[PDB]
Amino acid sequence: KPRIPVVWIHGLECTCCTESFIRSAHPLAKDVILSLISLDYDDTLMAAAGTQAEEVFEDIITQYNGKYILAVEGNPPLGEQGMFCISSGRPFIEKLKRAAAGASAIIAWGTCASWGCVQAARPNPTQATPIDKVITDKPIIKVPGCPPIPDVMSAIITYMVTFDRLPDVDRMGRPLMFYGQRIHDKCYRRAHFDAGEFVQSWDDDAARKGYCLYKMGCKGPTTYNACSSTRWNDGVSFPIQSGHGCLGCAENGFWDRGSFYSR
């Protein structure tokens, strides 16, 4: 029984989103690849390089025109005619647009594809631009975070495959299932926040008791993600649980909302 074709492309990136994906605990990334999808193109993992990789890209988008999911990791830079990100000697944006035209839907992985992330932070030397500002005629599911939670990535894939539909989304295109509520709306340190029980300097007595990280700059109160509920790395931890405030890493422009340690 045929698996749904997925084309996974990479713009300006650090590869944290592919790395997060392979961390998936349930389903294992192994089983996603072998049983749930047909991961037909993916620079980081695929055997073919160069002309062999170009042949795969061209064949898949042609053969499965209108029928593949396009996963995008990273983003296109508009600076230097797009040649801050070069693929087969040409601007990355050309491949983005070619792949987008044939896709049934697009997943914008991470803060990079969703919003811009670190390369888009002031002064944005490359004019890094999120996917939805370039591709304007396709369904785009934003799955933000730097990177998103591994089991959130795999859960979204499983939903799309199993239910044969896109996740319902908020007004910004984020799946309601995992981005409907704030970190601070499900944080296990809220008792401390409500009591005015705060860490005031690192490794103080408050810190050693798991007090709230608000005064240490936690951006949980303005950040939508699943970290405080689903947690990270098979439920082992999340930023706040290990003693650092939320950076705000799932939110548009988080790098430029001031010091991580200020209000």
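Sequential numbering from 1, following the sequence displayed.
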| Between 74-82 and 143-151, which has the higher average C-alpha B-factor in the PDB entry? | 74-82
| note | Higher of the two mean Cα B-factors (107-115, 164-172; per PDB record) comes from 164-172
| task | Using the temperature factors in the entry, find which of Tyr224, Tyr41, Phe238, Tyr68 has the highest value at its Cα atom. | result | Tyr68
| remark: On the chain's distribution of Cα B-factors, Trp232 falls within the third called lowest
| message | Lowest, middle or highest third: which one holds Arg98 when the chain's residues are ordered by CA B-factor from the entry? | response | highest
| request: Sorting the chain's modelled residues by C-alpha B-factor, tell me whether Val32 ends up in the lowest, middle or highest third. | output: middle
| In terms of the CA temperature factor given in the entry, to which third of its chain does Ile60 belong: lowest, middle or highest? | highest
| field | Chain-wide C-alpha B factor ranking for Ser87, given as lowest, middle or highest third | value | highest
